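In: could you work out the structure for the sequence below:
(chains A, B and C, ligands or ions: 3)
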Amino acid sequence: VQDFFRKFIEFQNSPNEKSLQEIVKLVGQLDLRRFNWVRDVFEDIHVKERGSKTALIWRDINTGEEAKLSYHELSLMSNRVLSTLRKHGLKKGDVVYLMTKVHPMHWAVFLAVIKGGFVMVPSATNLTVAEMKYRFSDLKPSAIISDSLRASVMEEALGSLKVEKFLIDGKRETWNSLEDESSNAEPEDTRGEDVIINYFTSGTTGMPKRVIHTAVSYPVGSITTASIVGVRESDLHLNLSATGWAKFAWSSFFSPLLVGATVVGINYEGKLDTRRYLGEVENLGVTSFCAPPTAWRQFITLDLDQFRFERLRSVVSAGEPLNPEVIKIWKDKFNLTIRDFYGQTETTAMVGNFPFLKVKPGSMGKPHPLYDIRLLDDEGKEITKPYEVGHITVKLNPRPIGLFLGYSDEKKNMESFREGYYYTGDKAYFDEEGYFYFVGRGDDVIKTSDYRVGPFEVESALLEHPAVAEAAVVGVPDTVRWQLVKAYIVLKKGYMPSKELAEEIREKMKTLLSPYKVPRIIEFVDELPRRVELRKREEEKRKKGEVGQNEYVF
Amino acid sequence: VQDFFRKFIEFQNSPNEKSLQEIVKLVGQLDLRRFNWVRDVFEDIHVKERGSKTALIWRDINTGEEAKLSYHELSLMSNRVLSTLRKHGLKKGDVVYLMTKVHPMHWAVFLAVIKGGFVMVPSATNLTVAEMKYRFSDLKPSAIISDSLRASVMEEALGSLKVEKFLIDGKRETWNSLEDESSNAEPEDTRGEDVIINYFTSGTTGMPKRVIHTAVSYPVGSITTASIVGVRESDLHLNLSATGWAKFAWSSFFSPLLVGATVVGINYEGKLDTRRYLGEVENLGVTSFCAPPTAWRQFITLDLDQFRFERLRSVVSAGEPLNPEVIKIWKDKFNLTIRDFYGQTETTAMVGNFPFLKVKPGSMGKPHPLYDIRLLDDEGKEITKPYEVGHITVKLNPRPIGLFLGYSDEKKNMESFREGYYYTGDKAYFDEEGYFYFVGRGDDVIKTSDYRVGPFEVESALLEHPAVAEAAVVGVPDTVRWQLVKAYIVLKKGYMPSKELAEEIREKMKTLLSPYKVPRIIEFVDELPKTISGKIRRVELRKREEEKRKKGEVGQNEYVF
Amino acid sequence: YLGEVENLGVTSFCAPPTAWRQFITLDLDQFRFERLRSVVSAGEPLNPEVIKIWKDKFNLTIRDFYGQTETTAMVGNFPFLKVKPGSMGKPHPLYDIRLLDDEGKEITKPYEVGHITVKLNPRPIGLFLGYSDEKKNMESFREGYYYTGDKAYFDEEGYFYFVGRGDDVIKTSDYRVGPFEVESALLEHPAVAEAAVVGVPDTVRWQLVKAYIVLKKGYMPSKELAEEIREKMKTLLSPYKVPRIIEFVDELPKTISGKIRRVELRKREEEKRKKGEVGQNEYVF
Ligand SMILES: CC(=O)OP(=O)(O)OC[C@H]1O[C@@H](n2cnc3c(N)ncnc32)[C@H](O)[C@@H]1O
Ligand SMILES: Nc1ncnc2c1ncn2[C@@H]1O[C@H](COP(=O)(O)O)[C@@H](O)[C@H]1O
Ligand SMILES: Nc1ncnc2c1ncn2[C@@H]1O[C@H](COP(=O)(O)O)[C@@H](O)[C@H]1O
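Out: Numbers count the residues shown, from 1 in each chain, chains lettered A, B, ... in the order given. Ligands and ions are numbered 1, 2, ... in the order given. And now the structure:
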């Protein structure tokens, strides 16, 4: 039944409770034994029925460069990619690292990979030589693809491992172009359970592990997302997110292209300019906008009488909680509710405020009916009481569609999947109306600025500084970024705790760690205690507005 | 006046800002009305004080040959040249083409020319019969001097012009030896402003024209070079450069022999063997080494744990920008900074990271105080604000010493010498500390692989193919060679765009043009973007290439070789 | 030659792609070709762009078609058959043409590459008796099939596309060339210790004969040496066989067997082409 998508697309143009349930039931009747979302959905529905609709409107707010691509031109451009890859001897299942800015050719490559049945490893543009070498140790690349802005970082992290390398913008010695081949390569007949994506995600214990997604988990899971988001074919849909993560796939790629919408993509280097980006949203007449609460928190501090947003109809958030006061300010002004919704790299959207659902501020809504979401207590017994906190879990019989295969780590599978549930390692409570409220991680995992961060990874990099004897990294409350990365450091004898030392250590960490990971606070202490108790101690200090004796804030 | 160079040579052994300024002032007080650098510096300082020190160590990495000359033997050998020339009736001012490989007899001839007040025309060994015929049309030779490897090319380009011909290595019918007359002929009492060198260089407008250098401009301007380079009397100094250009007179000849150092010269035919050349650098214990970024880029790709370079203390680059990453790799390994410096055939070194100057990567350093260097905007007003790009210019009242006399082309003088400034046609910005950063050409001049290339010259050669109606040659970014030569060609009615045609045209170009000039890319187009007047917008051909690069596409009739 | 074609009013013209490639570079408004109705090519692939130029001008399709010394024409664009460019057309029904895979099973799928073979029961008529060499017959005639040693794929309409040789055989300028023959002649030169002869991509002649040479101790890799070797080879070898390039190397990349990886010689050539660089002692004539 590909008639599913045609029914789905209509559901979107005016959804409701009842018609949702039909969509749900119809997914259960899909044949997903052999599936390939590009062939079966992109080409067979969208390129065929609306080949000359605008698939992408792109702009770089720094350079000025702009591009407009129809579903046709994009399909062609993607085939040139896939032809070029195949020409360099890329078989199905081969590993392809992808590290580029927001750019048409990114979508292009996405398509080429999904169509060609490759394993793509999205890599963000801010990843360091060190972090990239880690990745290569864990999974070896058959091919890598970059922009010219980050070619040297790939080149250096590689050293001299044999790979086929490719540039999306410009030439460089021993890098290849992507459009020198044919505008038609044939689909790879993928099984639905075949692997197409690996995502390195941070966890509490170790260095980052791979999350494994299939030719259906994201390409068909995204339904749940698209349905919560309320993205339509008519829409111009902008998702403010970066290139090497799930949320790009989630909303910059799959959710819009599922429903045949116009994707809007905006690239910027460096720090977000909230008043120019928001102006470009209006200037491009986006109608559906996904942005992370970090962005939203910055937007509401603007003078909001600069903007009309005549065209803007749907507004959405994901990745962190959405302060009730943010929701309210944006509503009072533009008469739109910012609908928060929930998921992980491991999943698609699992819980969410749908378009037709009454929003309760600072609630992520209620479960999407395609996921069997349960709050369990410490014994793993199901919670049936308001205002009782517990573990967010996903029931595995029957196995929801958008759920990853598992981790590349067998220990981590043993912890997460058990007694017939996948544990998200998130905590929540529900209320008297069954609305879910995020409480936090049961882990020590951190989320600064909509980036998941592993403590041991930062502790590790910290011991690389000669001064550092011991280290413990925790997250500390911050209204702007949800949490800050703080490091407790025990110093070697010889170092005296100074501002200039804290800085020197931080600057070192910047060469080893992605910026979001580099501690914003460094506190030197005589000894370490129980990352739990580091947090508890911070809390009692907050209530007396007192700094630590050698706590240095950046 | 001799005392100048003795003060200079000391400055070198330990230089700084302040003592540089003293040097500057002292040059301004030299009496250079009648001057001859061979007599007055080579002979009177070096041959006299260090006659039996090694002036030159030479080595051919192909043949294996090594040969060593002292300041004396070289002075003698050069006099035999000058005696031999004079014997064949060469008066002052007479034109002498010099086309040879790296070889002692090259230095010899340099000397003989400077001493005898002749006009030498350095000619490169990869110049074609066609290129050479062009040269002869523009400046008729009184004598020509070659190695045996390139005698045929001169013989053919000559046709049946009367000239005296000479071989530096081996026998050939109707070619003469240079060492057969007595090693005793006298200086020509040259005016300091008398012409001794002509360099054919490419411009953005036409066929290549002669840059005119005097008995002081290079022989004494090279101070600026020597000073940035940081070459001493103690040093064994090697310059990776070719015979027919100005970088040779710069670091292979003048800069070392000024300070009484030992010159190191290495000859190779064909492709540079990076591992063998670097091995020969180490093996000969060179101490000062100047190579171009092209070379440097290639060196850093080696496994560099093969080398110690225990004897190397100075490393320098010039001719194109020097990637910060090159500088870094070489430093981390051998604990030396590759010091970038800037200039052109028309000048000596004008801007440079001197020995004592903290290097900011991707900056060519600060201006040498013997040139009055100014960034001007398009309207010709002086820029005094950081991070604003403009034209690099040289203020002409008073006229700096290392600056050429002008071009042999009056149109090109009209464009370069304007309102009391000479325009280099290079663009740059300076920072808050007065460090200069290269932006690129404001011309359409091209720089492949540290060779300056003229568009019209390649466009001309392209019209020689019956199929070609018009042509527009621009450079395209390339990390290995700075720029690639691309040609846009409009075809005559009757011929159709094919790869096979593109090739046929390129192979033709190979017989007419030096290899560096032969387009690496050929694109057929229906028309070339023009202004209202009908003038080609080479600018917009470049812009178009850029937009195509940023969506990783090659063109619909672009053929890459 | 094309002036003489027109002047004699030829009506059917076979020429090889080498010739065709050269013709299309002319100014073709010099000719009418009043009398010419059929144009055909054989022996190497026929570039789609060549086909098109000649068509746009004279309104004729150059029909490529396929075969070997061992056979007659086995596959071809017949006059009544719609040409798909860069396809040698469909099999002649008087040959039983089969694509077989590596295991020797018959290919039943579009866009799958394999060996062009001739099925031997019954034995087609234009097929040679065999070679005068019984070893070479044992290689070419196997498990009921004569192998052409060419590789191809077919499409959904049964049109064949040439992929290349399974062999190390070379075709410069529509002349089939044996490596060992040239390697042998090269060891005749005192200086030559080892030799590997490969074909390198060339638009004009399809492939160039290039020689990799390892030198005996004593001789130094020079242009003058390369030439001296080449001029010797001119007295021994038919011109088409005389290497157009000679590259001296320290060693030839080899398998565990000692067999030359002409594979990796080609891959290396490719990476060097993309930087328009010659090898350290590669001499092009
Ligand atoms: C070296 C020489 O004599 O060159 P020459 O052939 O006369 O050409 C002169 C042109 O070289 C370029 N150039 C020279 N030095 C440079 C440097 N340090 N950084 C960047 N560009 C540099 C400029 O563009 C000049 O105008
Ligand atoms: N709407 C949300 N509210 C609160 N936490 C969220 C929300 N969305 C995502 N998260 C957190 O982010 C994690 C997933 O991060 P990532 O793998 O980067 O998408 C989840 O495990 C949650 O803890
Ligand atoms: N039309 C063609 N396209 C590609 N290769 C061809 C073609 N015709 C001949 N060849 C090659 O040339 C060989 C024939 O060699 P010969 O016996 O000299 O004609 C075949 O085995 C092919 O590999």
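In: drop to CA atoms for contacts and neighbour counts, all remaining ones
Out: Will do.
In: count residues in the vicinity of the closest residue to ligand 1 within chain A, would you?
Out: Nearest to ligand 1 in chain A, going by C-alpha to the nearest ligand atom, is residue A:172, at a distance of 19.3 Å. Each residue near residue A:172 was counted by other C-alpha atoms under 10 Å in any protein chain shown, and the total is 18.
In: next, it: secondary structure please.
Out: Three-state assignment for residue A:172 (DSSP: H, G, I helix; E, B strand; the rest coil): coil.
In: so which bits of the stretch 101-250 of chain A are right by chain C?
Out: The stretch 101-250 of chain A has residues A:173-174 near chain C, with proximity defined as C-alpha under 8 Å from any C-alpha of the partner chain.
In: give me that answer again for 10 Å
Out: For the stretch 101-250 of chain A, the residues in contact with chain C under the definition C-alpha under 10 Å from any C-alpha of the partner chain are A:172-176, A:186.
In: which of the residues you listed are buried?
Out: A:172, A:175-176 (16 or more other C-alpha atoms under 10 Å in any protein chain shown).
In: same list, the residues you listed, but as CSV with distance to residue A:414 please.
Out: As requested, those are arranged in CSV below (distance: C-alpha to C-alpha, whole Å):
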residue, distance to residue A:414
A:172, 45
A:175, 41
A:176, 42
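In: so residue A:411 sits in a strand?
Out: No: assessed by three-state DSSP, residue A:411 does not belong to a strand; its assignment is helix.
In: measure how buried it is and give me the count.
Out: Here the number of neighbours of residue A:411 (other C-alpha under 10 Å) works out to 9.
In: so residue A:198 versus chain B, what's the distance?
Out: According to C-alpha to the nearest C-alpha, to the nearest Å, residue A:198 and chain B sit 25 Å apart.
In: which of the helices or strands spans that residue?
Out: In this structure, residue A:198 sits in strand A:195-201 according to DSSP states H and E.
In: sorry, back to before: ok, the buried ones among the residues of the stretch 101-250 of chain A next to chain C vs chain B, which is closest?
Out: residue A:172 (6.0 Å; C-alpha to the nearest C-alpha).
In: got the contact list for that closest one?
Out: The neighbourhood of residue A:172, defined by C-alpha atoms under 10 Å, 6 or more residues apart in numbering or on different chains, consists of A:148, A:151-152, A:166, B:477-480, C:275.
In: ok, residue A:36 next?
Out: Contact criterion C-alpha under 10 Å, 6+ apart gives A:42, A:114-117, A:187-192, A:194, A:215-216, A:219 as the residues in contact with residue A:36.
In: weed out the non-buried ones from these.
Out: Buried members of the contacts of residue A:36, counted by 16+ other C-alpha under 10 Å: A:42, A:114-117, A:187-188, A:190-192, A:194, A:215-216, A:219.
In: for residue A:84, phi and psi?
Out: Phi and psi for residue A:84, reported as degrees, to the nearest 10, are phi -60, psi -40.
In: how many residues are close by it?
Out: Considering only other C-alpha under 10 Å, residue A:84 is surrounded by 23 other residues.
In: OK, contacts around it?
Out: By C-alpha under 10 Å, 6+ apart, the residues touching residue A:84 are A:78, A:90, A:112, A:166, A:176-183, A:185.
In: can you select the buried ones among the residues you listed for me in ChimeraX?
Out: Of the contacts of residue A:84, the buried ones can be selected in ChimeraX as follows, counting by 16+ other C-alpha under 10 Å:
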select /A:78,90,112,166,176,177,178,179,180,181,183,185
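In: now, the contacts of residue A:84 that are in strands?
Out: When DSSP state E is applied, those are split such that residue A:166 fall in strands.
In: filter the contacts of residue A:84 by proximity to ligand 1?
Out: Near ligand 1, taking C-alpha under 6 Å from any ligand atom as the test, no member of those is found.
In: narrow the contacts of residue A:84 to those in helices?
Out: With helices defined by DSSP state H, the entries of the contacts of residue A:84 inside them are A:78, A:112.
In: let's verify the residue lying farthest from the centre of chain A: helix, strand, or coil?
Out: Among the C-alpha atoms of chain A, the one most distant from their mean position (C-alpha atoms, centre = their mean) is that of residue A:494, at 42.6 Å. Each residue gets one of three states, and residue A:494 gets coil by three-state DSSP.
In: residues contacting it?
Out: With C-alpha under 10 Å, 6+ apart as the criterion, the residues that contact residue A:494 are residue A:467.
In: and it, how far is that from ligand 3?
Out: With the distance defined as C-alpha to the nearest ligand atom, to the nearest Å, residue A:494 ends up 76 Å from ligand 3.
In: going by proximity to chain B, name the top residue of the stretch 451-554 of chain A.
Out: For the stretch 451-554 of chain A, C-alpha to the nearest C-alpha, closest residue to chain B: residue A:511, 15.4 Å.
In: not counting its neighbours along the chain, what's nearest that residue?
Out: Of all residues not flanking residue A:511 in the chain, residue A:128 sits nearest, at 6.9 Å (C-alpha to C-alpha, 6 or more residues apart in numbering or on different chains).
In: so residue A:354 sits against residue A:342, correct?
Out: No: between residue A:354 and residue A:342 no contact is recorded; they are 11.5 Å apart, counting by C-alpha atoms under 10 Å.
In: give me the common contacts of the two.
Out: When contacts are counted by C-alpha under 10 Å, 6+ apart, the set common to residue A:354 and residue A:342 consists of A:225, A:228, A:364-366, A:368.
In: which of those residues fall in helices?
Out: Judged by DSSP H, helices contain the following of the shared contacts of residue A:354 and residue A:342: A:225, A:228.
In: make JSON lines from the shared contacts of residue A:354 and residue A:342 and add neighbour count to it.
Out: Below are these laid out as JSON lines (neighbours: other C-alpha atoms under 10 Å in any protein chain shown):
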{"residue": "A:225", "neighbour count": "28"}
{"residue": "A:228", "neighbour count": "27"}
{"residue": "A:364", "neighbour count": "27"}
{"residue": "A:365", "neighbour count": "26"}
{"residue": "A:366", "neighbour count": "22"}
{"residue": "A:368", "neighbour count": "21"}
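In: need the shared contacts of residue A:354 and residue A:342 in a markdown table (columns: distance to ligand 3).
Out: Formatted as a markdown table, those follow (distance: C-alpha to the nearest ligand atom, whole Å):
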| residue | distance to ligand 3 |
| --- | --- |
| A:225 | 52 |
| A:228 | 57 |
| A:364 | 64 |
| A:365 | 65 |
| A:366 | 65 |
| A:368 | 59 |
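In: from the shared contacts of residue A:354 and residue A:342, which is closest to chain B?
Out: Proximity to chain B was ranked across the shared contacts of residue A:354 and residue A:342 by C-alpha to the nearest C-alpha; first place goes to residue A:225, at 30.3 Å.
In: for that closest one, which non-adjacent residue is closest in space?
Out: In space, not counting the residues next to it along the chain, residue A:225 is nearest to residue A:349; the distance is 4.8 Å by C-alpha to C-alpha, 6+ apart.
In: hmm, the one you found is touching residue A:318, no?
Out: Yes: counting by C-alpha under 10 Å, residue A:349 does reach residue A:318; the two are 9.1 Å apart.
In: what is in contact with those two at once?
Out: Between them, residue A:349 and residue A:318 share the neighbouring residues A:341-343, with contact defined by C-alpha under 10 Å, 6+ apart.
In: which of the residues you listed sits closest to ligand 3?
Out: In terms of C-alpha to the nearest ligand atom, no member of the shared contacts of residue A:349 and residue A:318 lies closer to ligand 3 than residue A:343, at 55.8 Å.
In: so what's the closest one up against?
Out: Contacts were defined as C-alpha under 10 Å, 6+ apart; by that measure residue A:343 touches A:225, A:246-247, A:318-320, A:349-352, A:364, A:424, A:426.
In: now render these as JSON lines, adding secondary structure.
Out: As requested, the contacts of residue A:343 are exported to JSON lines (three-state DSSP):
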{"residue": "A:225", "secondary structure": "helix"}
{"residue": "A:246", "secondary structure": "helix"}
{"residue": "A:247", "secondary structure": "helix"}
{"residue": "A:318", "secondary structure": "strand"}
{"residue": "A:319", "secondary structure": "coil"}
{"residue": "A:320", "secondary structure": "coil"}
{"residue": "A:349", "secondary structure": "coil"}
{"residue": "A:350", "secondary structure": "coil"}
{"residue": "A:351", "secondary structure": "strand"}
{"residue": "A:352", "secondary structure": "strand"}
{"residue": "A:364", "secondary structure": "coil"}
{"residue": "A:424", "secondary structure": "strand"}
{"residue": "A:426", "secondary structure": "strand"}
